[PDB]
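Provided below as structure tokens are two forms of one protein chain, presented individually as structure 1 and structure 2.
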Structure 1
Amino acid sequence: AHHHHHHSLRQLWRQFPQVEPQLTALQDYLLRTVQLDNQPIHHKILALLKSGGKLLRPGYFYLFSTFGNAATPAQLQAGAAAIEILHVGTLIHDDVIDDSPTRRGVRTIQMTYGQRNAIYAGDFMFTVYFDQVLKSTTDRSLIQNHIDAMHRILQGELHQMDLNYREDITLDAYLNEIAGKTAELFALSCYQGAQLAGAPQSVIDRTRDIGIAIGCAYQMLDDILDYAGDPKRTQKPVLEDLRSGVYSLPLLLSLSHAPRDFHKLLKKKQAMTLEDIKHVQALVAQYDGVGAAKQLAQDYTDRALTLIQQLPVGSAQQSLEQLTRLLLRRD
């Protein structure tokens, strides 16, 4: 999950004047894609859309669209909207599963209207998503690419679940997970923006590696924030993760330093006491799990930036580098 919000980041779009209009306009288009008869739930979804801007994934999509001229603006707005609607559908379901009270400062659907309606609201967003996908293109490979992405995300979520409480979790298994659960929508955004615009092969062939690298680093930075600072201190989400068997990157990297000591604590699962939690954090600090996670996030970040520096020179290249350095805190 993504527990941390970046201050430097919707107002973030002011620094990107060439795509702020598209994103501002997409926001309005987004408000009209959702036509639903149950007016109370329709209003709630609108409220989720209204209250949360940022539109990070549509941003990367629109930036990548600049490398080509083959796209109609109707296609691009539908392509960007598809990505964001899928994203929001998956958030609605995540919040049911986490029973989160609020999202984007809005009370979640299941709180006011119950779990069934919340689940069906997500499902309805999937139909809106596929409708927007079709509007965006008649290219069968690009539609399949969307479907395949939607599939990898769901597999990402299922494999993360299979992995709960596994103290033999590997870096390979972590990458394959945060690739699916997090990075895949970034890859999809970059690839579809560029493809839809018929950008040059050289660009197309880099989009997925860029999106994957960014999305991985992005998930790692959130994990790093879970264990950073004072090990005596505690964060609710982190406390809930450990009881639920979710070992994020700094812990994952620390396990092998003292598997029996971590196991004495982790095995208590939901029964883990607050003292237990702090002891876990003290071991992560002792073995510098955070410094290890940081080197990996930095290498993934630099891989993204290196690939971005190989794109065609110009405003979009420069905007992509600036956006990535900002998102991944590497200014």
Structure 2
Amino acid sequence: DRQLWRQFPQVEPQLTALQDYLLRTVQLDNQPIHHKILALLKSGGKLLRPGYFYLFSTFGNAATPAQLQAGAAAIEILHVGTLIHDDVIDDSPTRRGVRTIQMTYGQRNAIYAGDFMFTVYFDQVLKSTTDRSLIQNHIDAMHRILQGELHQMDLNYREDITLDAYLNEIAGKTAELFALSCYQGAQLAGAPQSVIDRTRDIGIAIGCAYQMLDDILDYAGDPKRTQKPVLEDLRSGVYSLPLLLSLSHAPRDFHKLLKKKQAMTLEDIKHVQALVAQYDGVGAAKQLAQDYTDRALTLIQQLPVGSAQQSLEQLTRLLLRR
């Protein structure tokens, strides 16, 4: 995860510097809460979204290393800040191995810490650019990530969940940060219009695929044995891709088990898992993931030829095939 950037010589020093930069950007009076934010940063040195930002910055020559560093920090800080808040809403005890902030310091302090990160985020955005449309683009993205958070919340316990609805949700919730990464990196660096016109569609596709692969791993593996991630998902009424693709095959059978919601039992989830396996929801999901992956890879192949395109292909294939 950290040392996949060994395979990427032209951006590894940029990402190594970014880690150190990120740890310096968070300066807080409250040292117990400062230690927790920093710990979340230390266990997230894979820096995939900054990775995409930097890779796309190599298509232009107009941004300084200070601007790029600020632009890449902004993305990661926005990522971590939304995570802190998402972990409050989902009531999550763990994130990247470490215990979440609300568990150790209370829900309000976790919210405040998330809010704090938004102030650091906007500070880095301003440090990255003087260009007002680039700033607006960040605001619009932040607005779209939140819209994707509410779309998820309106879809809770909804068994009539359409594929369209799922795509619109995850495009805001997960894909928007990938699109913002690619777009800001290329636009700050002054890449040519043909690169810029493709960044968002590349980012959206990769992000959509990336979320799909997380949903796959929920229902993958051992069917007759209970799963930790799915239990909290089903009781909260979050029906991820393999399940939602399976609902149409047997609507009444599913509604029987899912009517219960929170009350859902330990054996009732095994029934849901057995049904998803029976109708091959996992297999159907992998197909979509692969088709979104191929769309990303195709669009990367329409970019200017060079070491950059090659690195984008390698990163996308590493992320989405394995």
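Just so we're on the same page, rigid core means the largest C-alpha set that superposes within 1.5 Å between forms. For residue numbers, the reference is structure 1: its sequence is counted from 1.
*Asks:* Would you mind telling me which residue of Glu240, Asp99, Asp168, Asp148 shifts its Cα by 2 Å or more between structures 1 and 2 when the core is superposed?
*Replies:* It is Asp99; the other listed residues stay below 2 Å.
*Asks:* Is the shift of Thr207 between structures 1 and 2 large enough to count as movement, that is, does its C-alpha move by 2 Å or more after the core is superposed?
*Replies:* The answer is no, as the C-alpha of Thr207 shifts between structures 1 and 2 by less than 2 Å after core alignment.
*Asks:* If the two forms are fitted on the core, does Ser136 show a Cα displacement reaching 2 angstroms between structures 1 and 2?
*Replies:* Superposed on the core, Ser136 moves its C-alpha less than 2 Å between structures 1 and 2.
*Asks:* Classify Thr108 as shifted (yes) or not shifted (no) between structures 1 and 2, where shifted means its C-alpha moves by 2 Å or more with the rigid core superposed.
*Replies:* Yes: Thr108 shifts by at least 2 Å between structures 1 and 2.
*Asks:* Please report, in Å, how much the Cα atom of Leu48 moves between structures 1 and 2 when the rigid core is superposed.
*Replies:* Its C-alpha position differs by 1.9 Å.
*Asks:* Using the rigid core as the frame, report the C-alpha movement of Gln77 between structures 1 and 2, one decimal, in Å.
*Replies:* Looking at the C-alpha of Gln77 between structures 1 and 2, the offset is 0.4 Å.
*Asks:* Align on the rigid core first, then pass along the CA displacement of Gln39 between structures 1 and 2 in angstrom.
*Replies:* Here the C-alpha difference is 2.2 Å.
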